[PDB]
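Here the structure is laid out as C-alpha cells; the discussion comes afterwards.
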Amino acid sequence: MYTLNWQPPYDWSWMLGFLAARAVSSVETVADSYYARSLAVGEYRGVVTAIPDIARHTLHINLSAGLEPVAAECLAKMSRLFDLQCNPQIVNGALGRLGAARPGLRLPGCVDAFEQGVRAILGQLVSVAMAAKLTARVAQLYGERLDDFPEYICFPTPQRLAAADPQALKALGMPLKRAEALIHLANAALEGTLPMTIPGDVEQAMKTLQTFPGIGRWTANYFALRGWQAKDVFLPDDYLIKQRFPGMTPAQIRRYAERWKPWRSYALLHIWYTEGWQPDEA
Amino acid sequence: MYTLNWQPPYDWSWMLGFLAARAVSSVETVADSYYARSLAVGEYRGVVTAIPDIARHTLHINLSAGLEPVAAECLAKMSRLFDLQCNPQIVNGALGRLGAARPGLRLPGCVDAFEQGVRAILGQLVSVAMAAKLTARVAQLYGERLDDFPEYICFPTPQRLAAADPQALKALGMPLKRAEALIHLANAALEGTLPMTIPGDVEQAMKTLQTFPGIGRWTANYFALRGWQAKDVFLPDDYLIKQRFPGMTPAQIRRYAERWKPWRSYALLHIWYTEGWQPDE
Amino acid sequence: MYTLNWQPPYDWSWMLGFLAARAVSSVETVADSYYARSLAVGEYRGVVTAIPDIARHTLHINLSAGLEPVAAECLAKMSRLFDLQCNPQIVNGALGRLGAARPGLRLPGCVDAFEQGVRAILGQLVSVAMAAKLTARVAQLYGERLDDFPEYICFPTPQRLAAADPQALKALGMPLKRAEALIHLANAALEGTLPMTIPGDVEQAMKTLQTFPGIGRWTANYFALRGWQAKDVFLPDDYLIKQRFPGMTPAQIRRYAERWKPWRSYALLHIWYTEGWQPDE
Amino acid sequence: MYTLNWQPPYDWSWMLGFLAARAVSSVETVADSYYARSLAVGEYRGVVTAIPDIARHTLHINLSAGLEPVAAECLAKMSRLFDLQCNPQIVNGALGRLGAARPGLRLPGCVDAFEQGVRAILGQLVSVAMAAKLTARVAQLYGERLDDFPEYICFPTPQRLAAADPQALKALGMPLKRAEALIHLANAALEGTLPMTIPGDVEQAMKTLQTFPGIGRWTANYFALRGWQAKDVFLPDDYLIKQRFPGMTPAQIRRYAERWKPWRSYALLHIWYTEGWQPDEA
DNA sequence: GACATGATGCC
DNA sequence: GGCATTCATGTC
DNA sequence: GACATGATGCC
DNA sequence: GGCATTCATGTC
C-alpha cells in the first residue's frame with residue numbers, strides 16, 4: 001500500500017542476497033522480489049512486506065492490521081534497513097574505481113538497533129551462517145509468536161532477554177560470557193543506555209559501547225555500521241578484511257581506509273564483495 | 001503529498017492551539033488549517049507542511065526536495081508529534097468522564113527528543129510566551145538557515161550547541177545555569193547518552209535524567225511526556241497541577257493520579273486544559 | 001613486663017568497665033585489675049596482658065612469646081586502646097564542669113581499625129550486650145584459635161570475612177544488609193581503602209566512609225571516634241545523646257557541641273556518662 | 001632510654017649505610033653508630049635517636065621530651081624502619097645461597113608511609129644523591145622546625161603539601177607532573193585513600209596506587225617495599241635490576257624471581273647489593 | 001572476537 | 001620512570 | 001524550577 | 001542504624 005522512493009541505481013539482488021544470508025528463521029522471509037518480517041513497535045505487532053518496483057524506483061510497503069497505528073514508524077525502519085536515502089552519484093563519485101563494479105550497492109541497516117546489537121554480539125567469531133543459526137535459537141526461546149501469523153515470531157524484546165537465565169542462553173550454543181553480554185545489552189536497552197538512533201559523535205559513542213562487557217571494537221564498529229547506519233566507519237579488525245589486506249596491522253589498514261573518508265562504510269562493503277581485491281599495486 | 005491515517009475523534013483545533021502558543025518564530029508556522037516547520041535529519045534539510053483532512057480522517061504531509069531522501073523518517077517524526085497512533089476509544093474507555101468532554105484530545109509530542117529537551121529546559125520557571133520568545137532567539141543564533149527556504153531555520157543541532165559559549169547563551173535571556181544545562185544536554189546528545197526514543201523502563205530513564213545538571217523531576221517528567229511520548233506519566237510538581245489539586249502535596253497528587261493508570265499522561269492533559277477542575281472527595 | 005606511663009588522673013575502673021560490657025567472649029578477658037586479649041599483627045599471634053599500676057601511674061604490658069618479634073607495634077596498639085597520650089589538664093581545662101565529676105575519663109580506642117569497623121557495624125541498633133554476643137558469634141565462626149592458648153581466639157581477619165558467605169553471616173543473627181556491610185568492609189581493608197590510622201581530614205575521610213554500603217553517619221562518627229581515636233567528633237545521631245538533648249534536632253545539638261571544639265569526642269563521653277546532664281536554654 | 005630487641009645476625013653497617021646515602025639534611029642524621037631524625041606524631045614533635053647495641057642484640061631509642069606522650073608509637077615506627085621483626089634464619093634458610101654472604105641484611109622501612117611515598121616519587125629518574133637534595137628542599141620549604149632543636153625540621157604534613165603551589169615545587173627542581181603527583185598524593189593522604197599500613201592484598205593495593213597520577217608500577221612496588229615493608233615484592237622495572245638480569249624482560253626477571261617467594265623483597269635487596277651477580281645460565 | 005598481558009619515543 | 005599507543009600473544 | 005540542606009517508614 | 005523518600009525553605 002505505502003510507497004517510498006529511492007535513487008537509481010539500486011542493486012536489489014545484492015541487497016536481498018545480503019539479507020537472505022543473514023535471515024533468521026521464523027522472523028524473516030527473503031525472496032528475489034520481496035522482503036517480509038515480523039515487526040514490533042511498542043505493543044503494536046504485525047508483518048511488514050517490502051516489494052521493490054524497479055521500473056519506478058519505488059518500494060511498496062504493506063503492513064498487517066496490527067502495525068497500522070504506527071505505520072509511519074514502520075516506514076522509517078524500512079527506509080533505514082534499505083538505505084533509501086543513499087545518493088549513489090555522491091558515493092560512487094567519491095570511491096571512484098572501487099565501486100565501479102556494483103554502483104547500486106547500499107548499506108544494509110536494521111529495523112531495530114537493539115536487535116542489531118544482539119545480532120552483532122552473536123556474530124562474534126562464528127560464520128555468518130552459524131550466527132544466523134544461533135540467533136534463530138535465541139528468537140525461538142525468547143521471542144513472541146504473532147497471533148495472526150503463527151508462522152512468524154517477533155524478535156526477543158529487551159525485557160525478555162534481560163530476565164533470561166545466562167545458563168539457558170549458554171545451552172543454545174554460546175559461551176557464558178557471550179550470554180552475559182546479551183543480557184547486559186538488554187538492560188542497557190531498557191534503561192535507554194544503548195543509542196537507538198545514530199548519535200552526533202559516532203567515535204565517542206563507540207567508546208562508551210566498548211565499556212559494555214562482551215563488546216570489543218569489532219562489535220562496536222559493526223554495530224555502528226548496521227545499527228546506526230554510520231556511513232564513515234571501516235572494520236580493520238574484521239576477519240575477511242584482514243584477508244583483503246594481506247599482512248597488514250589493524251592500524252595500517254585504516255591509515256589506508258582513510259582515503260575513502262567520509263564513506264568508509266560503503267568502501268568496506270565494496271571490499272567485502274570484490275572477490276579478489278587487494279591494496280593498490282604501488 | 002504523503003498521507004497518514006488517524007482514528008476519530010481528533011481535536012485539531014486544540015492540538016494546533018497548543019502548538020501555536022509554543023511555536024518558535026522562523027522554525028514553526030502554525031495556522032488553524034495546517035502546521036509547518038523546518039526539519040533536519042542528519043543533515044538533509046527542508047520544510048514540512050502538515051494538513052489535517054477531517055473529511056478523510058487523514059493527515060497530509062508535504063516535504064520539500066531537500067528532505068525527500070529521508071521522507072519515511074520525516075513521516076515518523078510527524079506521527080509522533082501528532083500522536084497519530086492514539087486509539088481514543090481505548091483511552092476514553094479507561095478514563096471515564098474525565099475525558100468525556102474532549103474525546104479528541106491527543107498528546108503533543110515533538111519532532112526530535114533533543115529539541116524537546118532544550119525546550120523543556122528553556123521552559124522552566126518562565127511563562128509559555130516567554131519560553132517561546134527565548135527559544136526563538138537561540139534557534140536564531142545557532143539555527144541552520146535553509147537555502148531552499150530563506151524564511152525558515154532549522155532548530156540547533158547538539159554539535160552546534162555543545163560548542164556554544166555559556167555567556168553567549170545567557171545574554172539571550174536566561175541564567176548561566178540554564179545555558180549550562182543546554183550545553184551539557186547537547187554533549188549527552190552527541191555521545192548517545194540521552195535516550196532519543198522511549199526506553200523500556202521509563203522510570204529508570206527519568207531517574208538517570210535527573211542526574212543531569214539543570215534537570216529536576218519536573219523537567220524529567222515533562223521531557224518523558226513530550227520527548228518520548230510516554231503515556232503514563234503525571235507532573236505532580238507542576239505549577240498549574242498544584243492549583244488543580246488545592247493543598248495536596250506532590251505525593252498526595254501522585255497517589256490520586258494512580259486511578260488513571262496506565263494513561264496518566266492523557267489524564268494530565270485533560271486536567272491541565274480544564275480550568276476549575278478539582279479532585280473528588 | 002614492658003612499661004608505659006600515663007598522666008594522672010586516670011579512671012581505670014571506668015575504662016575497664018567500659019571495655020568490660022563490650023568484651024567479646026574468647027577474644028578478651030576483663031577484670032577489676034587487668035585487661036587481656038588475643039592479638040595478631042600480620043602472622044605474629046599471641047596474648048596481650050595489660051596491668052595498670054595506679055601507684056606509679058604506669059601500665060604494665062606482658063606479651064606472649066608469639067608477639068615478641070613485634071613488641072613495639074603491640075605496645076603502640078595498647079597505648080591507642082588506652083589513650084595514654086591524653087593530658088587531662090588540657091581537656092578538663094577546656095571542658096569546664098562538664099568534665100569535672102570524672103577527670104580521669106579517657107577515649108577508649110581499639111587495637112585494630114578493621115576490628116573496630118566490624119564492631120561499629122555490629123554495634124548498630126542492638127544493645128551493647130547483644131552486639132557483644134553478635135560479635136562473639138562472628139569471631140567463633142571465622143576467627144583463628146591460638147595454639148598456646150586454646151581458650152583464646154583471634155578476631156577475624158579481612159581475609160576471612162571478605163570470602164565469607166553473606167548467608168552464613170546472616171544466620172548468625174544479623175540482617176543480610178549488615179552481613180553484606182561486613183564483607184564489603186573486609187574487601188576495603190584488603191585493598192587498603194579502609195583508613196587504619198587517623199587521616200588528616202577526618203571530615204572528608206568519614207564522608208568517604210559513608211559511601212560504603214551499610215555505613216551511615218553514626219557508624220562513621222563512632223568508627224572515627226574509636227577506630228582512629230579522633231578527639232573532636234560528636235555523635236548528634238546517637239540514641240543516648242538524643243535523650244540528653246530532648247527536643248533538639250541533630251543540627252541544633254551539632255551547633256551546641258561546637259562550644260566544645262576541639263575536644264568534642266571527650267565532651268561526648270562525659271555527656272554520655274552523666275545521667276543528670278541537660279543543656280542550657 | 002627505651003630498648004627493643006632484634007634477632008642476630010644484623011648488618012648495622014650496611015643498614016646505616018643505606019639510610020646515610022638517602023639521608024635528608026634538616027630531617028635526619030646518620031653516623032657510624034647511630035641514627036637520628038625529627039618525628040611528628042600528631043601535634044607531638046621531637047627528635048628520635050637510635051643506637052644499636054651489638055653486645056646485647058638490642059636497639060636503644062631515645063625520644064626528646066616532646067614525644068614522650070606518644071612514646072609507644074615512636075618505638076613502633078623505629079621497629080618498622082629497622083625491620084626488628086625479622087628472623088634471619090627463616091629468610092636465609094629459604095633464600096639459600098643468595099643471602100649466604102650477608103645474612104644480616106634487613107629491609108629498610110620508613111617511619112611514615114606518606115613521607116615514604118613522597119620520597120618514592122622524588123626518587124624517580126634520578127640518582128640517590130639527587131633525590132636527597134630534592135627532598136631536603138621540599139622539607140625546608142613546607143616543614144615544621146623544632147623549637148627545642150633548631151637544626152631539625154619535621155617532614156611536611158599532607159595538609160601542607162596539598163595546599164602547595166605546583167610552580168613553587170617545580171622551581172625546587174622537578175618536572176611539573178612530578179609536583180602534581182606529590183600534591184595528589186597529599187590529598188589522598190588527607191582523605192585516607194593512601195594505605196598507611198600494609199594492606200591484606202598487596203597486589204590489589206599496588207594496582208590501585210598505579211591509578212594515582214605520577215605513580216607507575218615501579219613507584220608502586222618500591223612504595224610497597226619501603227612504605228609498607230611488604231616482604232614479597234620484587235622490582236623487575238628497576239634500572240639496576242635490569243642490569244643484574246642482562247637481556248631479560250620484566251616478565252622474565254619476574255618469572256625468575258618467583259623462586260624466592262615468599263621473601264622476594266629480601267632477594268631484591270641481596271641482588272641490588274651484589275656486584276656481578278647474574279642469574280643461573282641453566 | 002573479547003580481554004588480560006607482555007614488549008618505541010616523549011615529557 | 002610515568003605514560004601513551006601500537007603489535008604479538010594466548011585462554012576461553 | 002533546580003538544588004542544597006535539614007527534618008517518616010520500611011529494611 | 002541505613003537508606004529511600006517526602007515536605008518545607010531559602011537562593012539562584
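By convention in this document, chain letters (A, B, ...) are assigned in the order of the sequence lines, proteins followed by strands, and residues within each chain are numbered from 1.
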- Query: Stem ranges for DNA chain F, with three or more consecutive Watson-Crick or G-U pairs under 3.5 Å?
  - Reply: E:1-4 with F:9-12, E:8-11 with F:1-4

- Message: For D/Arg255, give me all partners under side chain to side chain donor-acceptor pair (under 3.5 Å), at least two apart in sequence or on another chain.
- Response: D/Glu258

- Non-neighbouring partners of A/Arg119 that pass salt bridge (charged side-chain N to carboxylate O under 4.0 Å, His left out), sequence neighbours left out: A/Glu28, A/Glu115

- Message: For a 4.0 angstrom threshold against heavy atoms of chain D, report the outermost contacting nucleotides of DNA chain E in 5' to 3' order.
- Response: E/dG6 to E/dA7

- Task: Give the rounded distance in Å between these two atoms: CG of C/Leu182 and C1' of H/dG1.
- Result: 14 Å

- Message: Across nucleotides 3-12 of chain H, 5' to 3', mark each nucleotide with B, S or - according to how protein heavy atoms within less than 4.0 Å reach it.
- Response: S--SSS----

- Can you list the residues that meet the side chain to side chain contact (heavy atoms under 4.5 Å, CB included) rule with B/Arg217, with sequence neighbours excluded? B/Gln210, B/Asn221, B/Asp237, B/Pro250, B/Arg254

- Item | Spacing of C/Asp237 atom CG relative to H/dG1 atom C1', expressed in whole Å | 9 Å

- Message: Using the side chain to side chain contact (heavy atoms under 4.5 Å, CB included) criterion, which residues pair with C/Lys133? Sequence neighbours excluded.
- Response: C/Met130, C/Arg137

- Message: Test of understanding: with side chain to side chain donor-acceptor pair (under 3.5 Å), list the residues that count as partners of C/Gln204, not counting sequence neighbours.
- Response: none

- For the residue pair C/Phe212 and C/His184, categorise the inter-ring angle as parallel (less than 30°), tilted (30 to 60°) or perpendicular (more than 60°). perpendicular

- Query: Rounding to the closest angstrom, what is the interatomic distance between E/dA7 and F/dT11 at atom P?
  - Reply: 15 Å

- side chain to side chain contact (heavy atoms under 4.5 Å, CB included) against C/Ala257, all qualifying residues, sequence neighbours excluded: C/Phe234, C/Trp260, C/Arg264

- When rounded to the nearest 0.5 Å, the distance separating CG of C/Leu122 from OG1 of C/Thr135 is 4.5 Å

- Task: Using atom NZ of D/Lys242 as one end and atom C1' of F/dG1 as the other, report the distance to the nearest whole Å.
- Result: 9 Å

- Query: When the distance from CD1 of D/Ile241 to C1' of F/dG1 is rounded to whole Å, what number comes out?
  - Reply: 15 Å

- Given atom CZ of D/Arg178 and atom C1' of F/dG1, what is their separation to the nearest angstrom? 7 Å

- Query: What residues, two or more places apart in sequence or in another chain, satisfy ring-ring contact (aromatic ring centres under 6.0 Å, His included) together with D/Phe245?
  - Reply: D/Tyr256, D/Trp277

Show which side-chain atoms of residues 172-180 of chain B pair as donor or acceptor with protein atoms under 3.5 Å away, not counting sequence neighbours.
none

- Query: By side chain to side chain contact (heavy atoms under 4.5 Å, CB included), which residues pair with A/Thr219, not counting sequence neighbours?
  - Reply: A/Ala120, A/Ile121, A/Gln124, A/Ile215

